[PDB]
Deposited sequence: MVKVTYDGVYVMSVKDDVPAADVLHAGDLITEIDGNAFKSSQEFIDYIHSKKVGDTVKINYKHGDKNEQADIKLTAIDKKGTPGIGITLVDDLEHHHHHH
């Protein structure tokens, strides 16, 4: 048994994107589109495999409750890269 990976912790959320109406700084994202990822890289790769305008299902914990909601992907860079519009603690550019 290897060390446990809980998911990705949100560090910042763009205030003018759909994500701002769901996520908050500090939230832990555990699954995206019904699946658990094993690293921030896999999580990001997955988002990049989608298209701006697509909808992703996000399972996350806010405070002391496991929530679930859909978030529409927006463009996170001038090149059109799809993203939720958040920065992650692993970053220590938006995803």
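Trainee: Deposited sequence versus model: which ranges have no CA atoms?
Mentor: Those parts of the chain that were deposited but carry no coordinates are 1, 94-97.
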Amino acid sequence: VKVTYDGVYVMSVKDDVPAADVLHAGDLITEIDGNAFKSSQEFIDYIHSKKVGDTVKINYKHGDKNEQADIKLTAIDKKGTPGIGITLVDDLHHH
From here on, numbers count along this sequence of modelled residues.
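Trainee: On mean C-alpha B-factor from the PDB entry, just flag whether 82-90 or 9-17 is the higher one.
Mentor: The stretch with the larger mean CA B-factor is 9-17.
Trainee: Comparing 61-69 with 25-33, where is the mean C-alpha B-factor higher?
Mentor: Per the deposited B-factors, the answer is 61-69.
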